[PDB]
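A.B. asks: pasting the sequence and an experimental structure:
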2 protein chains.
Amino acid sequence: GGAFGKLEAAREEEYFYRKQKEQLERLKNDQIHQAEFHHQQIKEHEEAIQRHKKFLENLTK
Amino acid sequence: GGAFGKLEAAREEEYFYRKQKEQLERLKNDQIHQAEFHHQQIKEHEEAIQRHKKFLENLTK
């Protein structure tokens, strides 16, 4: 498709969700403890916000 | 299990990711435009950060 367009946006969401599902499984199998899980998930959601701002600023002007 | 424990954490992630897959589908089917998608997704990730902070606070001290 195009840069920062609908197909790229979908691909980024798919990558993000695949990663987070893998982390949820590490938690369910006691490979990471829960405090660590929540601390790492905050950083992921912070990076997701920056990614969405980036897409937005390219879409809008 | 227990409140704020591993099973509840998993349930919160499952709910969050089911909602986001629904929103991604709305975008794929041009029911929301892309700027709106990214703007709404920032709010969702902001709410997820607050949720993860709340779980952490209960886990730790």
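C.D. replies: Received, thanks. Numbers count the residues shown, from 1 in each chain, chains lettered A, B, ... in the order given.

A.B. asks: remind me, longest helix of chain A?
C.D. replies: When chain A is parsed with DSSP state H, its longest helix is helix A:34-59.

A.B. asks: list the buried residues in that helix.
C.D. replies: By 16 or more other CB atoms under 10 Å in any protein chain shown, the buried positions in helix A:34-59 come out as A:34, A:37-38, A:40-42, A:44-45, A:48-49, A:51-52, A:55-56, A:59. Yep, even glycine has a C-beta here, placed from its N, CA and C like the rest.

A.B. asks: orientation of that helix relative to helix B:34-59 in degrees?
C.D. replies: Put simply, helix A:34-59 runs at 160 degrees to helix B:34-59, going by axes from the mean of the first three to the mean of the last three CA atoms, to 10 degrees.

A.B. asks: now helix A:34-59, how far from the chain's geometric center?
C.D. replies: The chain centre lies 6 Å from the centre of helix A:34-59; the measure is CA atoms, centre = their mean, to the nearest Å.

A.B. asks: what about the residue nearest the centre of chain A, which SS state?
C.D. replies: Residue closest to the mean C-alpha point of chain A, counted by CA atoms, centre = their mean, is residue A:16 at 3.4 Å. Three-state call for residue A:16 (DSSP: H, G, I helix; E, B strand; the rest coil): helix.

A.B. asks: which residues touch the residue nearest to it when sequence neighbours are not counted?
C.D. replies: In space, and not counting its chain neighbours, residue A:16 is closest to residue A:48: 6.0 Å by CB to CB, 6 or more residues apart in numbering or on different chains. By CB atoms under 8 Å, 6 or more residues apart in numbering or on different chains, residue A:48 lies in contact with A:16, B:41, B:45.

A.B. asks: roughly how far does residue A:48 sit from residue A:11?
C.D. replies: Residue A:48 sits 14 Å away from residue A:11, taking CB to CB, to the nearest Å as the criterion.

A.B. asks: just to revisit the earlier point, surely the residue nearest to the centre of chain A is in contact with residue A:44?
C.D. replies: Yes. If you go by CB atoms under 8 Å, residue A:16 and residue A:44 touch, sitting 7.5 Å apart.
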